[PDB]
Amino acid sequence: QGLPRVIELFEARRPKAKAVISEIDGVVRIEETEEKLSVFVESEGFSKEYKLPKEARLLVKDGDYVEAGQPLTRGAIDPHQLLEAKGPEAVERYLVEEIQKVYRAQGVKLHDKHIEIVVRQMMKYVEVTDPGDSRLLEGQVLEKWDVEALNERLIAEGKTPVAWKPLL
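Listed below in structure tokens is the structure:
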């Protein structure tokens, strides 16, 4: 839970005790009983519905803001699911924070910059979602996709921007 937790953070491994993940936003609205919690948020055209084992705490009744990647089963948040839940920007702010929390706990204190470099390095590759020159589902660096759009647009007429997907 000290060094190992740090590892789970840097290795982006599936958290020890997972705590599910919220998808979309709207008014927090969740059901009550039944083995499968019949959650029902709202928003535009969507809704909610989840499923997990028995032992679970929520911390949030019906009414307020649910958002994406909020406290659900309250515990260790999956950074992977959170990537598709809240985006690239959020994860970088999450990981650094909890990693730093671990080190804070045992008194030894280092600057956030250092951790921020490693976590930025964990966020360099992005998986293709729309092929134009290369194949889809291909693991590729974000900055290598910079020159794609940039050059094909400002220099070329090739209006086929390859859509990439954030990959943690």
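Sequential numbering of the sequence shown, starting at 1254, is according to the entry's author numbering. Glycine residues also receive a C-beta, built at the ideal position from the N, C-alpha and C atoms.
Quiz item: Which residue comes first and which comes last in the alpha helix (DSSP H) that contains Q1323?
Solution: The count along the sequence shown starts at 1 and reaches residue 1323 at position 70. Unbroken run through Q1323: none, as it is neither H nor E.
Quiz item: In chain order, what residues of the same chain have a beta carbon less than 8 Å from the beta carbon of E1284, not counting five sequence neighbours either side?
Solution: The sequence position of residue 1284 within the sequence shown is 31, counting from 1. Counting only Cβ-Cβ distances below 8 Å, and skipping sequence neighbours, we find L1290, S1291, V1292 and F1293.
Practice problem: Would you please state the rounded distance, in angstroms, between the beta carbons of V1319 and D1278? I believe it to be under 8 Å. | Solution: For the purposes of this step, residue 1319 is identified with residue 66 of the sequence shown, where counting begins at 1. For the purposes of this step, residue 1278 is identified with residue 25 of the sequence shown, where counting begins at 1. The Cβ separation is near 6 Å, so the contact holds.
Self-check item: N-terminal and C-terminal residue of the beta strand (DSSP E) that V1394 is part of
Solution: Here residue 1394 refers to the residue found at position 141 of the sequence shown. Start and end: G1392 to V1394.
Practice problem: Alpha carbon to alpha carbon, how far is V1372 from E1350? Give it in angstroms, no decimals. | Solution: Start at 1 with the first residue of the sequence shown, and residue 1350 comes out as number 97. Start at 1 with the first residue of the sequence shown, and residue 1372 comes out as number 119. For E1350 and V1372, the distance between alpha carbons rounds to 11 Å.
Quiz item: Thinking C-alpha only, which one of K1366, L1395, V1355 and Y1378 is nearest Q1254?
Solution: If you number the sequence shown from 1, residue 1254 lands on position 1. When each option's Cα is compared against that of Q1254, the closest is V1355.
Quiz item: Are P1419 and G1322 touching if we call contact CB-CB under 8 Å?
Solution: Here residue 1419 is taken as the residue at index 166 of the sequence shown, counted from 1. Here residue 1322 is taken as the residue at index 69 of the sequence shown, counted from 1. In this structure, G1322 does not lie closer than 8 Å to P1419 by Cβ.
Quiz item: Of the residues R1282, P1306 and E1288, which one's Cα is nearest the Cα of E1295?
Solution: For the purposes of this step, residue 1295 is taken as the residue at position 42 of the sequence shown. Nearest of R1282, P1306 and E1288 to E1295, Cα basis: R1282.
Quiz item: Which residues in the same chain have their Cβ closer than 7 Å to the Cβ of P1332, if we skip the five residues on either side of it in sequence?
Solution: If you number the sequence shown from 1, residue 1332 lands on position 79. Taken in chain order, the residues that qualify are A1265, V1344, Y1347, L1348 and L1421.
Quiz prompt | Cross-strand partners of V1381 (DSSP beta bridge) | solution = Residue mapping note: residue 1381 aligns to position 128 of the sequence shown, counting from 1. Its beta-bridge partners are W1417.
Quiz prompt | Touching by the beta-carbon criterion (3+ pairs, under 8 Å), the stretch 1356-1367 and the stretch 1387-1397 | solution = no
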